[PDB]
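One structure is given below, encoded as structure tokens.
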Amino acid sequence: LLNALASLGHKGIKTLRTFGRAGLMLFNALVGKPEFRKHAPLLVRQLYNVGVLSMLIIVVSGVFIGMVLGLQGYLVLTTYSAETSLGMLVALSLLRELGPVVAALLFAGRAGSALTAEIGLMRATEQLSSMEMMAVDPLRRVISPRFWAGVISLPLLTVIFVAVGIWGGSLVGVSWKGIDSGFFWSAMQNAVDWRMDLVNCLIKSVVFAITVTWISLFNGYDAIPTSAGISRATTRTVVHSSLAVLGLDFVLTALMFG
Amino acid sequence: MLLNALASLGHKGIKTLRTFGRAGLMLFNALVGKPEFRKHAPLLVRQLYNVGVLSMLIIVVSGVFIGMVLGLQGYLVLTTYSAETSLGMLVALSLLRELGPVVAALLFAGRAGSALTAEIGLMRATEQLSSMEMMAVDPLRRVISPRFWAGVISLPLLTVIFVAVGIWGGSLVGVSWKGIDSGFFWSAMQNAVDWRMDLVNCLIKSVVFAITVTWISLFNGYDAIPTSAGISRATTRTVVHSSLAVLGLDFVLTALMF
Amino acid sequence: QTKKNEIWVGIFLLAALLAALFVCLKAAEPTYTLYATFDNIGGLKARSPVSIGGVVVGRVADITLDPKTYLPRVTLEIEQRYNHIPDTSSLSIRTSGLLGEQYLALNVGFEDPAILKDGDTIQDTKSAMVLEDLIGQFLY
Amino acid sequence: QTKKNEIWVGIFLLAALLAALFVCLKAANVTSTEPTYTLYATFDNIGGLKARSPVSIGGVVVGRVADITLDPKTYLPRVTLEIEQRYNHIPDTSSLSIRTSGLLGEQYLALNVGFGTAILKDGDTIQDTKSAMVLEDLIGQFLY
Amino acid sequence: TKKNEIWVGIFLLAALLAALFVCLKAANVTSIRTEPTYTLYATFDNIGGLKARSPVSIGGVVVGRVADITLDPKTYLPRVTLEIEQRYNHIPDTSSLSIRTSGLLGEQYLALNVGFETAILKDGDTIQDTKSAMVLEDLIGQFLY
Amino acid sequence: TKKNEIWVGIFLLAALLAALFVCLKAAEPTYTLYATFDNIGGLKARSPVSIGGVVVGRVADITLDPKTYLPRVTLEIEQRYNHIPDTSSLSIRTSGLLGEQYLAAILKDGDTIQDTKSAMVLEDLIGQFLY
Amino acid sequence: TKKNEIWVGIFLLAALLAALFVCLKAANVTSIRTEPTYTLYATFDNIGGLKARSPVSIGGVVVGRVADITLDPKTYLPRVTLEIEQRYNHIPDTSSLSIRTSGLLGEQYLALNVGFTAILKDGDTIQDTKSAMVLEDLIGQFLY
Ligand SMILES: CCCCCCCC/C=C\CCCCCCCC(=O)O[C@H](COC(=O)CCCCCCC/C=C/CCCCCCCC)COP(=O)(O)OCCN
């Protein structure tokens, strides 16, 4: 009983202090003195490597998922006379489940792995320890502008993923296979409604932006300062975010959509 | 301008062409040669743990999260015609055509794709690949060859676990929760799926996606610079180049077979 | 310190995120649990709503069956806000729209100038109507 | 460099604004809320009416439905509806019918006008209401 | 070794009590836990779209399933197999079986109609009063001609 | 080699315009009329008006007048179809099951179409069969 | 090195048990049966929406499929093929060929009727047939 059979230990005390270390990392980086003019060039500088550089893997991949949504939405509606409802399948899928979940997996892959590697390289070269010595807090210097950049980028990148994926379905649905444009957009404009498809797409995009950025900034801060600890925390960022985006996707659909 | 824009675009054209030339010579010098089935037999099972066994945790608990979301979204839009004999189609048909081998490949490129890049890149920085070729057989057929064959076996095998759990995960929001007379759930879902369209065709996409993911995952860790920042840079490029190779070939295989 | 300062924050943060999922998963007014007796419920099942006047007033808990009578029984529940119904209240199974879900309906009759409470049973009922016996008795 | 980071941020905000306008024009949002007055009417069976049900006179929607209330004395469905200030000239002889949009669509609260002339104002009832008939009494009345 | 005695063991009892979920098809109700059913037989003329695992209901409450559909090699008539549980035994010989549809894609089920009292049915008898399924090709053609 | 780098620069730009020409190839005024329909049904804007069967235009935004409470069913027939006689009319035809309907002197400018045939709702059509 | 060999055996066992969940519970591919069937020949005049792999039936239970449907370019008569297995080889010569529909929105199948005796063998044609239902002629004959 005292050995590793029942009271094995290092599982209730361990992996619970890391939750307390992640809570103190976000509370001390968001609650403080208001410095708006100081963090104003830091927010624009940290918006290029978070929102602008992650726009490459969304535009060219938005037409990839948007075209296969129109390919698979054609042959399954042949014997049901649902050819005029071609935008019924493309728009409703890319606004409820596809979209804010698929872009969060691309945000955790590109921007999530880069934020872990950036803070992890600063602790390996002791940049955060040297910044702390010169009478300033390293928490509200590099973590706080990186958090607010990743929060406002993912809803601003989801609407790009939606509009490209809808246009990706228009290049394979309206141009190809001969479907009328008057019958296509009538199944999208006055068919779906507000507060179920538009607001709820932006509600879950904010909560996915907080959870991915909190994981990516904690693994880069709570890591071993060596050459193998940065590569280990980069792998654990994608694992912990894919189980948090897909895990909360079943949680967030309890209230909305029936 | 004519001597400056053509020289800058011409410099990136040769470097792109030299990138594919080094990837073709790395795969050709790792598959052919003398048969070493008795030496690579303890090396293949050793590399089957961090590729197939360690990536089973990211698929099993996420497999019940895919089917619970897909089973709940595909129910309330089908109650307008018939609640019974639903959720057998549009769940198992979707998890064998688009979902399945695409969704498991983003989990394979994030967990196992980013780990195989960081493992070869860490051995290159610590001078392990150069030390092996200076005294024994070169590591192209010693550490790269068991890591390439382990990815083309585990990812077709892990897709079957992702399908069968996600099918059972869709049978939890339909059975014992807003029940749809689960005797009608079977003996009609089997009539929709068949061989060489949904079962064998899912295995075709699994072998193709396993080659294009493990090729970039073993090339970025081999072509990275031996430093602390080159391993973290090649880890980010592995998730980027594999997401454009899975979603890019998803349009290729859908228009060819379906 | 590093051990005492970070052990109590993880207690409160894990208890706040776990309690947020308890509220989000809809895990949160009395009824008097009427009982009925029909012969063909049709497409009725558990968690089916009961309506009067078109809008719903409650839900059906479960559908049981007695082995001595071999007739389906309903365990519907209507709240305390609507009580003044007579004993001649007819129960009818109606369909929401054309191909929607089936629901119960309370056809309130003429009140003679008794109320239903715990343990009562609606006498006048009308079961669901299948489309098999109607076409077989019309085009024949 | 330094000038490359400042320009590409504004292009990212412009591309996200044009992608949001594609949802504000080519999606469920078609436009870019004046207070109405509340009516009261008693029915017998509203069918499948819910919140934000469209009220139309001839086909053009003139308002929504706030909530569905009930009578604690006679147990009859009381529906509240809102008409705009521009559509004010409505007589008392008005049939409040409940029809559906097509065959399988959602139900809409229909309304038609009918020609000492008293018109409807804020806070009055309508005596001519047409209840939504269920599918049960259509085949049963056709046979009997 | 001081705090890993009872402050950690309360997480083991909390995870063991939360390690059980609802499972009617994984490992509980499919093979091990079942109900004792007796085998019945019924000979039909046209079953329509009747398949395996179809519910046999009396009014709508499912009391059994359907095992398989076999054909006799002498008269070529479909013979279904019933899975009525032992909780409902008082079934007379005057009971009739009616194949009714439920849906629009040709999904028919068996609606058992009990009789009024006779003899109690046992394991391995055959009900004679069987009704064929409704076909749309004979429904519209009877109205014209 | 700087000489071989600029030689391949014009070779890749010649294939860029050829690969982009196959994707851009697949990616008239309208004079307005007037209609005085009573029951428009479930007809909305941007509906394909096919008089005879082939589409000729669309429908503008519908609204009710404050005088007689009647919807405006103004139309957008383009210039390729102009030899239509004045003895024509329009009819509201439905298409599908969701309720999406469509429509079917000189008329160059300001043409009030007479002989209005409104959409017969099925909720009132069952009263004729029952009574 | 024993930990890196046992867990691989559970990984190949869990991947094998996932294959039996698809090949048995989610589909029926457990038997190949080496195709024990024999083809026939038939001629209709209007097959309607009869497509490939059309399941013929005797009394509702499904046995035998349709392999090839061709059009004979001599008098514009379509020719279909039925592929019942070699088990119920007692078919009377008075058997007809009717085209039925599974319910209301199902697939269009072929129903075999039992007649009142030349036993049909491999390589013959069915004389007495029956066409499908035409939707434009019932609405024209109803008002005529
Ligand atoms: C009665 C027959 C019905 C049809 C049966 C055959 C259907 C076959 C469909 C399967 C094959 C095509 C699959 C296409 C891809 C589907 C994937 C998908 O839908 O998205 C899912 C989730 O599903 C959704 O996105 C929600 C879709 C909501 C659909 C809303 C209704 C659409 C209406 C279309 C029908 C029109 C109904 C009107 C009646 C007319 C037709 C009868 C993704 O889940 P995630 O967890 O986000 O994945 C993360 C990793 N990528």
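Chains as they are written, first to last, in the entry's author numbering: chain H, 2 to 259; chain E, 1 to 258; chain L, 2 to 29, 37 to 121, 126 to 152; chain A, 2 to 33, 36 to 118, 124 to 152; chain K, 3 to 119, 125 to 152; chain D, 3 to 29, 37 to 113, 126 to 152; chain J, 3 to 118, 125 to 152.
Yeah, the Cβ is synthetic: ideal placement off N, Cα and C, and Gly gets one too.
Mind checking whether the beta-carbon of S94 (chain H) lies closer than 7 Å to any heavy atom of ligand 1?
-> yes
If we call anything under 8 Å between Cβ atoms a contact, is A150 (chain H) one with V32 (chain H)?
-> no
Limits of the alpha helix (DSSP H) - the one that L244 (chain E) falls within = 228 to 257
Closest Cα partner of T85 (chain E) within the set E:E133, E:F185, E:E127, E:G121 = E:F185
Indicate the three-state DSSP secondary structure (helix, strand or coil) for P146 (chain H) in the structure shown.
-> helix
Please indicate yes or no: does the CB of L25 (chain E) lie closer than 7 Å to some heavy atom of ligand 1?
-> no
Does DSSP classify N115 (chain K) as helix, strand or coil?
-> strand
Cβ separation of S139 (chain L) and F13 (chain L), assumed to be a contact under 8 Å, to the nearest whole Å = Not confirmed; about 56 Å, so no contact.
Span separating the alpha-carbon of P146 (chain H) from that of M68 (chain E) = 36 Å
Would you check whether ligand 1 has a heavy atom nearer than 7 Å to the C-beta of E98 (chain E)?
-> yes
Report the neighbours of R142 (chain E) on chain J: residues whose CB is nearer than 7 Å to its CB, in chain order.
-> Residues of chain J passing the Cβ test: none, with the nearest at roughly 18 Å.
Taking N115 (chain A) and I60 (chain A) to be in contact with their CB atoms under 8 Å, please state how far apart those CB atoms are, rounded to whole angstroms.
-> 7 Å
How many angstroms separate the CA atom of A17 (chain K) from the CA atom of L90 (chain E)?
-> 34 Å
Go through the stretch 23 to 80 of chain H residue by residue and report every complete run of the beta strand (DSSP E) that reaches 3 residues or more, in order.
-> none
When the distance is taken between beta carbons, is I120 (chain E) closer than 8 Å to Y49 (chain E)?
-> no
Kindly examine ligand 1 and report whether one of its heavy atoms sits closer than 7 Å to the Cβ of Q73 (chain E).
-> yes
Does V53 (chain E) get closer than 8 Å to chain J when you measure Cβ to Cβ?
-> yes
Who are the near neighbours of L52 (chain J) in its chain, counting only those whose CB is closer than 6 Å to its CB and skipping five residues on each side?
-> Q110
May I have the straight-line CA-CA distance separating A255 (chain H) from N220 (chain H), to the nearest angstrom?
-> 30 Å
Could you tell me the distance, in whole angstroms, from the CA atom of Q47 (chain H) to the CA atom of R18 (chain H)?
-> 29 Å
Hey, is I66 (chain E) close to ligand 1, as in C-beta under 7 Å from one of its heavy atoms?
-> yes
List the residues that DSSP assigns as beta-bridge partners of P94 (chain A).
-> A:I127
Where the beta strand (DSSP E) through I71 (chain J) begins and ends = 67 to 74
Spatial neighbours of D198 (chain H) within its chain, please: CB distance less than 6 Å, with the 5 preceding and 5 following residues excluded, ordered by chain position.
-> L96
According to the Cβ coordinates, are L93 (chain E) and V193 (chain E) closer than 8 Å?
-> yes
Quick one: give me the first and last residue of the beta strand (DSSP E) that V82 (chain J) is part of.
-> 79 to 85
Residues of the stretch 47 to 78 of chain K with a CB closer than 9 Å to any CB of chain E: list them in chain order, please.
-> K53, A54, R55, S56, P57, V64, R67, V68
Take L244 (chain E) as the anchor and find which of E:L158, E:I225, E:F209 has the nearest alpha-carbon.
-> E:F209
Assigned exposure category for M135 (chain E) - 16 Cβ within 10 Å defines buried | exposed
If you measure from the beta carbon of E144 (chain D) to each beta carbon in chain A, is any gap under 8 Å?
-> yes
Taking just the CA atoms, how far does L172 (chain H) sit from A28 (chain D)?
-> 8 Å
Report the neighbours of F13 (chain A) on chain H: residues whose CB is nearer than 8 Å to its CB, in chain order.
-> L48, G52, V53, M56, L157
Neighbour flag for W195 (chain E) against chain J, beta carbons, 8 Å = yes
Return the residue from the list K:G62, K:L128, K:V63 that minimises the CA-CA distance to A44 (chain K).
-> K:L128
Please list, in chain order, all residues of the same chain as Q2 (chain A) whose beta carbon is under 8 Å from its beta carbon, the five residues on each side excluded.
-> none
My guess is that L155 (chain H) and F108 (chain H) are in contact by the Cβ rule of under 8 Å, so how many angstroms apart are they, rounded?
-> 5 Å
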